[PDB]
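**Student:** Protein chains in written order, with the working numbering: chain B, 794 to 1086; chain U, 1131 to 1684; chain A, 2 to 22; chain Z, 7 to 66. In this text, a Cβ means the ideal position worked out from N, Cα and C, and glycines have one as well.
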Amino acid sequence: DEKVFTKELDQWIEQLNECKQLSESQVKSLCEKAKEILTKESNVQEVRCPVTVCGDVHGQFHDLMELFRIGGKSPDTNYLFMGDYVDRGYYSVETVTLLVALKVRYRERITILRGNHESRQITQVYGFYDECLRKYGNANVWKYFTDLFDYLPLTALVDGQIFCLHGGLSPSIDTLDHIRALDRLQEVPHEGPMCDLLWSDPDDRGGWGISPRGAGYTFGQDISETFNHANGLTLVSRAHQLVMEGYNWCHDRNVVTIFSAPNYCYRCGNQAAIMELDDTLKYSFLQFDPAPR
Amino acid sequence: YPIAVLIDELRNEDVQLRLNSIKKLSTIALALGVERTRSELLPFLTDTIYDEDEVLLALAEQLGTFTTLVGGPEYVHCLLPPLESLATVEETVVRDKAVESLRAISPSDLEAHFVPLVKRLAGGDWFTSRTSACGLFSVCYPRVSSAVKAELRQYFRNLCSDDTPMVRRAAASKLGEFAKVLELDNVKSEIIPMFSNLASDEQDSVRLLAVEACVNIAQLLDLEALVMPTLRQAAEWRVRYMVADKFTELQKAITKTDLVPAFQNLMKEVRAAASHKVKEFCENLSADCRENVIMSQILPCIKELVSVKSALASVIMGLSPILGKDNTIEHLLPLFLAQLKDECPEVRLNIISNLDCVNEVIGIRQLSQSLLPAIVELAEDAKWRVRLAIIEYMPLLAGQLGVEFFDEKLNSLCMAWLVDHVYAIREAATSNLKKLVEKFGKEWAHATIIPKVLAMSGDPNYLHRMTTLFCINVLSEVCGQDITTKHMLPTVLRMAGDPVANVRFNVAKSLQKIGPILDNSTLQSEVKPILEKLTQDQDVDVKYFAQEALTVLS
Amino acid sequence: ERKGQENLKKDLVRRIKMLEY
Amino acid sequence: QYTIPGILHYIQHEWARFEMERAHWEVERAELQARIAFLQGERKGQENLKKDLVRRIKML
Ligand SMILES: [Mn+2]
């Protein structure tokens, strides 16, 4: 009753590693298990010492495979994915299926965070709906995966002093107690603290600002500095916007942005990057380029 | 009655039962008599044949062996109508099997008359079916000593231009095959007509068919030099590429100096296929050309190529390695190695690959110190793909070039790989480490490597500890349980107390792995305590993996 | 599978009965 | 409309449903096991039959 579905999951993951998707019934049982697992996770999750943080993925499944090849296989290396899994990429279904399958199998070795593109509206617009239909001829998948996205923890807290989250931080939020005191079991509202965590981003203009994106704000440096000090964090890490170098140090080593989807914006042709937190919480970055097609 | 049940089984809905009926025409042949066979089934297999195209082909194949159960040559005429109705099918391969069965079954005077009839049928088809029935009638008349000599020549000449681009291409491409069975005078007249048609080849596929005909002529047909000059003139991008396709066959035959010049010229998109053919041309030259006539063209082609393309260069180098000893070959190899030092990675890949032929030429152990720098800088570049390829090549050349030669420096490279960040690089390093130990024996192993990795077993980054664990896992397979239980096992048992759970459950994995290597008493004494201790952990993964190790061996 | 087996068996025995004729 | 009598009737009827449903599951499960056993036996018999048939075809 226990090792049997473990073997089933391992077979699923192996099948997925060859761009071979699952049957909608498999996806259904998988999303049920993943809901069961995610329901036991606070809005601000805690992860032990050594991890490998990776950011925006966006369905580039073959580049996710390249990533795994760079930073190690699934159970050996602890991972932390900060959202934006599924859109603007062809293999969205495979990407999210693999990440969820991992999270279900090795519930301790990997942690996935909610992202701007996990709400039904944004997926329905930007494409995940279309791939769900094309690859399945239904919406049952796109229903399951969205009813699962409504459970992903909003933030993670590595060794109590690294704050990892898609997007950025919000004015309605002053301390991790506040985030931990939200209700994340809903679709992303259009305005709230949730629609800013997963939508805001740093900038140059100090203090709060208006986000040209249309949702969330643009927290200046002082905001991040006072937030870090008031929460004891040593660094806030995020991944929401393209950075051609692969990872940018905004707000004087207070905020890091780590895009982890190479060649995302083709006019720019970025290189992806991931961050490694070793046994002593010392970060070291790895920049990689798209796989050979 | 047998014809009727054949129709009924052929009226079956299921394709599989019908296909069985197809595979079971010999049953009806043995049922009826050979005379009754010829008199009845032949009209049936002539008129009532309507099924799936694959099933039609299957019927043709089952028919291909029906030159005997009809009654032999004296009745070949009775077999010609059906094949005619099967030589006019819209699908190419079906009428092709029809032509095959015709040539198989073809007293051949009746076959010749019916071959003139099939030529008349080809006169109706304004597509490649005309050329198909023409090639059929060719062999069908040849079975009667090519009595339709003028008919075969006229059929080939009409296929040379019959407003049928399909049949015209078929003729202008395989006149050497269709007019092969035709009479020698008919074959020569059709060869003249084929030269005319290849001159008349205007389109790109027409240019490819013309190149094919010219290659067939230069192969089988000063007349040889005249045809070769006409082909070379036709060869000097699309048409140039279609001609470079057969340029290798032209050079694969003083009778080729002009061909080698044309190959070195056209390559200096048509250049891509030109150099592709020039690979085989260089092989054939280095195998056949005369050293006096070689030197000049060899140096010219080397200067040109050294200026896909690198792949052809490496192929030509490996081929010209057939020369006994050429200092110019040494200079070319040095230049290509310095290129592979700073060029696309495929350069170094092909260079280290053909290093086998290089050592076969003179012995790469001499030039070792020449290539060594490139090697090391190829092991320390940015794009981890390149370092990965270099690692993959490393054990080949290492075991190829003795122990001490590499043990001076390259051991540091193996270590630098083992400590690298990119996981794929560490994986390749461990695999090639296993290859190295397999080739260099446990004495050299325990003397050189094992201490270094076991020293690596302690350092901050837990990745750089699991890598030592994996090295142990892959060494145990070949290092023999003695050295394992002497050195490896203590470190594994010690790491079984690492704080990071990843290290611990990898310890469990490696313990399960190397278990069977070890001794049962050693197992029960040492590892089982550690195993249950790990099972007493709190991480669910390490618990699961320790339980797996238990239930797989203990 | 049973349907296919029964069908091929029926066809075989039909051919055998044709031989009987 | 919530209330304790309704909740108790709910639990009673629902437990009864779960039990009778597991019973129907078990009977159907044994039925399907025996059914596929019989059909696999029929497939094996037809396999031996086709073997005997090709043997007789070669014999005749
Ligand atoms: Mn994104």
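Are the segment 1369-1376 of chain U and the segment 1394-1401 of chain U touching by the rule of at least three beta carbon pairs closer than 8 Å?
**Tutor:** Yes, since at least three Cβ pairs between the segment 1369-1376 of chain U and the segment 1394-1401 of chain U fall closer than 8 Å, the two stretches touch.
**Student:** Does at least one heavy atom of ligand 1 sit under 7 Å from the Cβ of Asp877(B)?
**Tutor:** Position 84 of the first sequence, counted from the first residue, corresponds to residue 877(B). It does: the Cβ of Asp877(B) is within 7 Å (strictly closer) of some heavy atom of ligand 1.
**Student:** From the DSSP output, read off the bridge partner residues of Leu1079(B).
**Tutor:** On the first sequence, residue 1079(B) is found 286 positions in, with the first residue counted as 1. Answer by DSSP bridge pairing, in chain order: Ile1067(B).
**Student:** Do the segment 878-897 of chain B and the segment 823-834 of chain B meet, that is, are 3 or more Cβ pairs less than 8 Å apart?
**Tutor:** Yes, the segment 878-897 of chain B touches the segment 823-834 of chain B.
**Student:** Give the list of continuous alpha helix (DSSP H) stretches no shorter than 4 residues that lie fully inside the segment 1634-1674 of chain U.
**Tutor:** Counting whole runs of 4 or more residues, the segment 1634-1674 of chain U contains the alpha helix (DSSP H) stretches 1658-1665.
**Student:** Between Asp856(B) and ligand 1, is there a pair consisting of the residue's CB and a ligand heavy atom that are separated by less than 7 Å?
**Tutor:** Stepping through the first sequence from its first residue, residue 856(B) is reached at position 63. Not so, every heavy atom of ligand 1 lies at least 7 Å from the Cβ.
**Student:** With a CB to CB cut of under 7 Å and the five nearest residues on each side skipped, what residues in its chain are close to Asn1150(U)?
**Tutor:** Stepping through the second sequence from its first residue, residue 1150(U) is reached at position 20. Hits under 7 Å: none found.
**Student:** Looking at ligand 1, does it come within less than 7 Å of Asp849(B), judged from the CB to the closest heavy atom?
**Tutor:** For the purposes of this step, residue 849(B) is taken as the residue at position 56 of the first sequence. True, at least one ligand heavy atom lies under 7 Å from that Cβ.
**Student:** Give the interface partners of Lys10(A) over in chain Z, defined as CB-CB distance under 9 Å, in chain order.
**Tutor:** Here residue 10(A) is taken as the residue at index 9 of the third sequence, counted from 1. Within 9 Å Cβ-Cβ: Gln52, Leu55, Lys56, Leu59.
**Student:** What's the C-alpha gap between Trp1574(U) and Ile1602(U)?
**Tutor:** For this step, residue 1574(U) is matched to residue 444 along the second sequence. For this step, residue 1602(U) is matched to residue 472 along the second sequence. Looking at the two C-alpha atoms, the distance is approximately 16 Å.
**Student:** Sort out for me which residues DSSP pairs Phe874(B) with in a bridge.
**Tutor:** Counting from 1 along the first sequence, the entry for residue 874(B) is found at position 81. Note: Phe874(B) sits in a beta bridge opposite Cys847(B), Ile905(B).
**Student:** With a threshold of 8 Å between beta-carbons, can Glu37(Z) be considered close to chain A, or not?
**Tutor:** Taking the first residue of the fourth sequence as position 1, residue 37(Z) is located at position 31. For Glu37(Z), the answer is no, since every Cβ of chain A falls outside 8 Å of its Cβ.
**Student:** Starting from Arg1031(B) and walking both ways along the beta strand (DSSP E), at which residues does that stretch end?
**Tutor:** Here the question's residue 1031(B) lines up with position 238 in the first sequence. 1028-1031 is the span of the beta strand (DSSP E), which, as asked, contains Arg1031(B).
**Student:** So, are the CB atoms of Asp869(B) and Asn1632(U) less than 8 Å apart?
**Tutor:** Walking along the first sequence from the start, residue 869(B) turns up at place 76. Walking along the second sequence from the start, residue 1632(U) turns up at place 502. Going by C-beta atoms, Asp869(B) is nearer than 8 Å to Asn1632(U).
**Student:** Can you name, in chain order, every residue of its own chain whose Cβ lies under 7 Å from the Cβ of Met1447(U), other than the five neighbours on each side?
**Tutor:** Against the second sequence, residue 1447(U) aligns to sequence position 317. Hits under 7 Å: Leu1462, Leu1463, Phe1466, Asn1484.
**Student:** For the segment 884-918 of chain B, list every residue whose C-beta sits within 7 Å of some C-beta in chain U, in sequence order.
**Tutor:** Of all residues in the segment 884-918 of chain B, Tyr899, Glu901, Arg902 have a Cβ within less than 7 Å of some Cβ in chain U.
**Student:** Could you give the distance in angstroms between the alpha-carbon of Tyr899(B) and the alpha-carbon of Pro1629(U)?
**Tutor:** The residue labelled residue 899(B) in the question sits at position 106 within the first sequence. The residue labelled residue 1629(U) in the question sits at position 499 within the second sequence. The straight-line gap from Cα to Cα measures roughly 18 Å.
**Student:** Give me the Cα-Cα distance between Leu1172(U) and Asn810(B), rounded to the nearest whole angstrom.
**Tutor:** The residue labelled residue 1172(U) in the question sits at position 42 within the second sequence. The residue labelled residue 810(B) in the question sits at position 17 within the first sequence. Straight-line Cα distance between these residues: approximately 57 Å.
**Student:** Taking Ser1169(U) as the reference, which of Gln1192(U), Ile1152(U), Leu1199(U) has the closest Cα?
**Tutor:** Walking along the second sequence from the start, residue 1169(U) turns up at place 39. Measuring from the Cα of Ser1169(U), the nearest candidate turns out to be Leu1199(U).
**Student:** Mind listing which residues of the segment 1599-1632 of chain U have their C-beta closer than 7 Å to chain E's C-betas, in chain order?
**Tutor:** Looking at the structure shown, chain E is missing, and the protein chains on hand are B, U, A and Z.
**Student:** For the segment 1337-1344 of chain U against the segment 1354-1362 of chain U, do three or more pairs of beta-carbon atoms, one drawn from each stretch, fall closer than 8 Å, so that the two count as touching?
**Tutor:** Yes, since at least three Cβ pairs between the segment 1337-1344 of chain U and the segment 1354-1362 of chain U fall closer than 8 Å, the two stretches touch.
**Student:** Between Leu860(B), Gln819(B), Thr939(B), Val1048(B), which lies nearest to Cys957(B) when the distance is taken from Cα to Cα?
**Tutor:** In the first sequence, counting from the first residue as 1, residue 957(B) sits at position 164. Comparing Cα-Cα distances from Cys957(B) to each of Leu860(B), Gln819(B), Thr939(B), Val1048(B), the minimum goes to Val1048(B).
**Student:** Distance, Cα to Cα, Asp1292(U) vs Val1311(U)?
**Tutor:** The sequence position of residue 1292(U) within the second sequence is 162, counting from 1. The sequence position of residue 1311(U) within the second sequence is 181, counting from 1. Taking the straight line joining both Cα atoms gives about 21 Å.
**Student:** So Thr832(B) contacts chain U; which residues on that side make the cut at Cβ distance below 7 Å?
**Tutor:** Looking up residue 832(B) in the first sequence gives position 39. Ordered by position in chain U, no residue passes the 7 Å Cβ test against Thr832(B), which lies about 17 Å from the chain.
**Student:** Just by C-beta distance, which residues in the segment 1663-1682 of chain U are closer than 8 Å to chain B?
**Tutor:** Going along the segment 1663-1682 of chain U in chain order, one finds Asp1669, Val1670, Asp1671, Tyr1674 with a Cβ nearer than 8 Å to chain B.
**Student:** Measuring from the CB of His971(B), is there a heavy atom of ligand 1 at a distance below 7 Å?
**Tutor:** Against the first sequence, residue 971(B) aligns to sequence position 178. No.
**Student:** For a test of your reading of the model: does the CB of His30(Z) fall under 7 Å from any non-hydrogen atom of ligand 1? Yes or no.
**Tutor:** To locate residue 30(Z), count along the fourth sequence from 1; it is residue 24. Not so, every heavy atom of ligand 1 lies at least 7 Å from the Cβ.
**Student:** CA-CA distance, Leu20(A) and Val1223(U)?
**Tutor:** In the third sequence, residue 20(A) corresponds to position 19, counting from 1. In the second sequence, residue 1223(U) corresponds to position 93, counting from 1. If you take the alpha carbons of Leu20(A) and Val1223(U), they lie about 34 Å apart.
**Student:** Where does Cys1043(B) sit, in a helix, a strand or coil, going by DSSP?
**Tutor:** The residue labelled residue 1043(B) in the question sits at position 250 within the first sequence. Residue state, collapsed to three classes: strand.
**Student:** Hey, could you find the ends of the beta strand (DSSP E) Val1048(B) is sitting in?
**Tutor:** Within the first sequence, numbered from 1, the residue matching residue 1048(B) stands at position 255. 1048-1051 is the extent of the beta strand (DSSP E) around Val1048(B).
**Student:** Quick one: which chain Z residues come within Cβ less than 7 Å of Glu2(A)?
**Tutor:** Counting from one through the third sequence, the residue named residue 2(A) turns up at place 1. Per Cβ cutoff of 7 Å: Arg49.
**Student:** So, using beta-carbon positions, are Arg1362(U) and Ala1404(U) closer together than 8 Å?
**Tutor:** Locating residue 1362(U) in the second sequence gives position 232, where the first residue counts as 1. Locating residue 1404(U) in the second sequence gives position 274, where the first residue counts as 1. Their beta carbons are not under 8 Å apart, which means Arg1362(U) does not touch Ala1404(U) by this criterion.
**Student:** Expressed to the nearest angstrom, what Euclidean distance is found between the alpha-carbon atoms of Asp1537(U) and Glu1557(U)?
**Tutor:** On the second sequence, position 407 is the one that residue 1537(U) refers to. On the second sequence, position 427 is the one that residue 1557(U) refers to. Looking at the two C-alpha atoms, the distance is approximately 21 Å.
**Student:** Name the residues in the segment 845-865 of chain B whose C-beta lies less than 7 Å from a C-beta of chain U; which are they?
**Tutor:** Those residues of the segment 845-865 of chain B that come within reach of chain U (Cβ to Cβ, closer than 7 Å) are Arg862, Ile863, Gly864, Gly865.
**Student:** Report the rounded CA-to-CA distance for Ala1134(U) versus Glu1184(U), giving the unit in angstroms.
**Tutor:** In the second sequence, the residue the question calls residue 1134(U) occupies position 4. In the second sequence, the residue the question calls residue 1184(U) occupies position 54. Whole-angstrom Cα-Cα distance: 22 Å.
**Student:** Tell me the DSSP secondary structure of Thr948(B) in three-state form.
**Tutor:** If you number the first sequence from 1, residue 948(B) lands on position 155. Strand, per DSSP.
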